[PDB]
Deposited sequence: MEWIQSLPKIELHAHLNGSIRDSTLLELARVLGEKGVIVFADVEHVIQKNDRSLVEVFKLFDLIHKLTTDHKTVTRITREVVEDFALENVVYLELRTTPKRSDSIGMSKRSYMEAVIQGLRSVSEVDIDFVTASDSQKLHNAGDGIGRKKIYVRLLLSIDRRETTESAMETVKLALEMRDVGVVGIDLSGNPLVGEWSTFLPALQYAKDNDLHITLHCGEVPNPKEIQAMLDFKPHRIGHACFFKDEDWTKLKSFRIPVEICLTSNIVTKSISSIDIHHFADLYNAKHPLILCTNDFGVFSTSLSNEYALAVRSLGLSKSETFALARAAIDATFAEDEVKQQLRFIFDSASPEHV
């Protein structure tokens, strides 16, 4: 829909390597096949036929990482993701990515993130502020649930060093059937005690103890919340933690059986803060405009209700007050139009 495409939007939950253009992923595959590193037909088959249920999508991510883990590619896809979000009028983007180590190519977590910064410096089609369309970009560093406590601490230390190029917080993500909260809690507590903002993937699978322990940590945001129970909802509503809602992702991974029963409607009606997000618009073949369209249809929102929802996301960002004031100005300058 045209007016949804033109709506200024805020993206808080987008994984870099889950946001790659189809043609770019297949071009990387083709180039690596011409070098003999992979069998192009096999990789292409996985990309087309992986059903992207919660179990299968992490195998897909292993394949994506075999295609994308080198400095030049990280720079390229960072630029492409930012340009794609800006062209659908995302005015503020928190981009999250897991820094990667790869000794065989001389990649450290730090040099991975430097390739991300290089990608932001190469953005040309739009105006960008990371510390004619204009987009504010800020960065979240992801801890993957496969990692050790010490490796998670390395990521937190890097985030603290990189506050000067717009890192604002830390994410916990990766396969929810892997790893234990006790592994990551000490590193996340260090991050929080050093004033980094914290967002947690929470309740993607049934796990009552882990959900309660993540809620008691009091992160600044959580993502998904698909298998919360009533005591979980009560605690979340009392702590006022915003929820990153990923409609398409949830339906495809089979974490929520349909949009008509999705908890985002309850949160909306309970006046609990929620933000519509893409999660992985490349993996799940969507866009932030389409997520808004699904939500507007399902809830039956008017233009002005949709605009109020979009604007409310400003106070869930991890950005400094000056940036929030600028976002308020932008949204107000798009306010009386509709």
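Novice: Counting from residue 1 of the deposited sequence, where are the gaps with no C-alpha coordinates?
Specialist: Sequence ranges with no C-alpha atoms are 132-147, 355.
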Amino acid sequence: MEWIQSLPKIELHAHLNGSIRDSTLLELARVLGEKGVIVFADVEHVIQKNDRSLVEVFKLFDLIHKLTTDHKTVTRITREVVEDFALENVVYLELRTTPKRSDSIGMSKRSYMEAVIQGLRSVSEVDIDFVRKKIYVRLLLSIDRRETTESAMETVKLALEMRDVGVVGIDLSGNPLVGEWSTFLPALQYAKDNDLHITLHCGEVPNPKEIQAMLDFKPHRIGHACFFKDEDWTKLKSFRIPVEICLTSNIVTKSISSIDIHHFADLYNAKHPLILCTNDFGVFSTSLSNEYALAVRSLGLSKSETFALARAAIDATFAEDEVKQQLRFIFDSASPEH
From here on, numbers count along this sequence of modelled residues.
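Novice: Looking at the deposited entry, does 25-33 or 274-282 carry the larger mean Cα B-factor?
Specialist: That would be 25-33.
Novice: Decide which of the stretches 170-178 and 253-261 has the higher mean C-alpha B-factor, going by the entry.
Specialist: It is 253-261.
Novice: When you compare the CA B-factors of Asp84, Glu114, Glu150, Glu125 as listed in the entry, which one comes out on top?
Specialist: Across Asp84, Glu114, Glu150, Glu125, the entry lists the biggest C-alpha B-factor for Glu125.
Novice: From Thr155, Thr234, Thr78, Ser102, can you pick the one with the highest C-alpha B factor in the entry?
Specialist: When the deposited C-alpha B-factors of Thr155, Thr234, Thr78, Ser102 are compared, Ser102 is largest.
Novice: Considering every modelled residue of the chain and its Cα B-factor in the PDB entry, is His13 in the lowest, middle or highest third?
Specialist: Tercile = lowest for this residue's CA B-factor.
Novice: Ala187's Cα B-factor: lowest, middle or highest third of the chain?
Specialist: Its C-alpha B-factor belongs to the lowest third of this chain's values.
Novice: Considering every modelled residue of the chain and its Cα B-factor in the PDB entry, is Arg132 in the lowest, middle or highest third?
Specialist: It falls in the top third of the chain.
Novice: Ranking the modelled residues of this chain by C-alpha B-factor as given in the entry, is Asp193 in the lowest, middle or highest third?
Specialist: Middle third.
Novice: Going by the CA temperature factor in the PDB record, which third of the chain does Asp230 belong to: lowest, middle or highest?
Specialist: Within its chain, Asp230 is a highest-third residue by C-alpha B-factor, going by the deposited values.
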